[PDB]
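Enquirer: What follows is a single structure, and I will ask about it in a moment.
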Amino acid sequence: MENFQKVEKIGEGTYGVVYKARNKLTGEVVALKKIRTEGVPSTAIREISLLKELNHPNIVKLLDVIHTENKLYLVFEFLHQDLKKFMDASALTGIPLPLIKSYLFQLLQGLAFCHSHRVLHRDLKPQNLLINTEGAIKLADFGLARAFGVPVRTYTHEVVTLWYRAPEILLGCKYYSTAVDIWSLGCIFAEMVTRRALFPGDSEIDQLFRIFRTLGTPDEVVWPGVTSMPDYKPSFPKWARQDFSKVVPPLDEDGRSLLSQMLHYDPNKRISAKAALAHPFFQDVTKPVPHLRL
Ligand SMILES: NC(=O)c1cc([N+](=O)[O-])c(Cl)cc1NCc1ccc(Cl)nc1
């Protein structure tokens, strides 16, 4: 290439291929994401460029945005593993509660920062949470979804994961709020605890109905305005709500309480990242060292 020497292909994200690369000059190791298609919005590059200013210990640093050859390259600080792989690796024994709590606490700090700066993630999922050997966890891809509006798919035949999508997005809301990220994080929290995806839908309607089957079909009482949402249908089946005690066993009441607040149907009732940080669940939070095999 130029100043980068490709080390390996880390995968193919929701936008393009990703390579672990080394700056032939500085020797720094980074993750290089090649963005897919022939023009590239000048509006996007401006907004993206703004994200370079988004510095927080729990947010993967966006080192550079390179628009050349009329194609886009994003250079990110590199982390060795993502939470999806770590969760799979910890499946037999489960991630210890102190580490689950540490990660959740750090992720909420990251979200509180992004949200206070009017930046939404919009597509939080285990694969987008990166971890290192020091016990840190960081949010990857903040603000990229907005600088591109609607996601749809990756770029070339790849099944988009809907498991962490907030119900307002599924019901067609056109304006996302910071609440969508809290919902996704609540789903991730539940998954670390039970070692199974909370709402593993395989279609937009299956996703919505899995949510309804567990939290109850929403109505005007718990979610004012829900029946007027774009894709709401009076024909939706009416399921009764289940008990959290059965949803995320054996999580304690502090944890169930916080999760319930992160999973409220009304985006406006859903707890903020800042408020969640003050929840009693974090009274004894610590920063454990994970057993990471690289
Ligand atoms: N910032 C990053 O470091 C990073 C970025 C992206 N991405 O989307 O631009 C992706 Cl996919 C993975 C990453 N690393 C985690 C990782 C995963 C697997 C291996 Cl072998 N090595 C590292």
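No Cβ is skipped: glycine too gets one built from the backbone with ideal geometry, and neighbour counts run over all protein chains shown. The values are calculated or read from the model by the stated rules, or taken from the named source; none is laboratory data.
Here's the yes/no breakdown for (1) loosely packed, with under 14 Cβ neighbours inside 10 Å; (2) over 23 Å from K125 (Cβ atoms); (3) not assigned by CATH to the domain that holds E134:
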site	(1), (2), (3)
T194	no, no, no
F212	no, no, no
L215	no, no, no
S228	yes, yes, no
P237	yes, yes, no
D254	no, yes, no
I271	no, no, no
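Enquirer: Continuing with this model, one more query. Have a look at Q261, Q242 and point out the one that is part of a loop (DSSP other than H, G, I, E, B) and on the phi < 0 side of the Ramachandran plot.
Expert: Testing whether each residue is part of a loop (DSSP other than H, G, I, E, B) and on the phi < 0 side of the Ramachandran plot leaves just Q242.
Enquirer: A further question on this structure: On the given criteria, is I211 under 24 Å from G172 (Cβ atoms) and part of a helix (DSSP H, G or I)?
Expert: yes
Enquirer: I've got another one for you. Please verify whether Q106 is near the ligand (Cβ under 10 Å from one of its atoms) and of a type in the set (S, T, N, Q), treating the condition exactly as stated. First the steps, then the outcome.
Expert: Details: near the ligand (Cβ under 10 Å from one of its atoms): no; of a type in the set (S, T, N, Q): yes.
So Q106 does not fit the description; no.
Enquirer: Going through region 66-105 one residue at a time, which ones are more than 20 Å from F142 (Cβ to Cβ) and in a loop (DSSP other than H, G, I, E, B)?
Expert: Selection gives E69, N70, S90, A91, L92, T93, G94, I95, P96.
Enquirer: If a residue has to be crowded, with 17+ Cβ neighbours inside 10 Å and within 9 Å of the ligand (Cβ to nearest atom) to count, how many in region 18-38 make the cut?
Expert: Of the residues in that region, 6 qualify.
Enquirer: Take the conditions within 14 Å of the ligand (Cβ to nearest atom), assigned to a strand (DSSP E or B) and surrounded by 19 or more Cβ atoms within 10 Å (Cβ to Cβ) and apply them to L63. Does it pass?
Expert: When the stated conditions are applied, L63 does not pass them.
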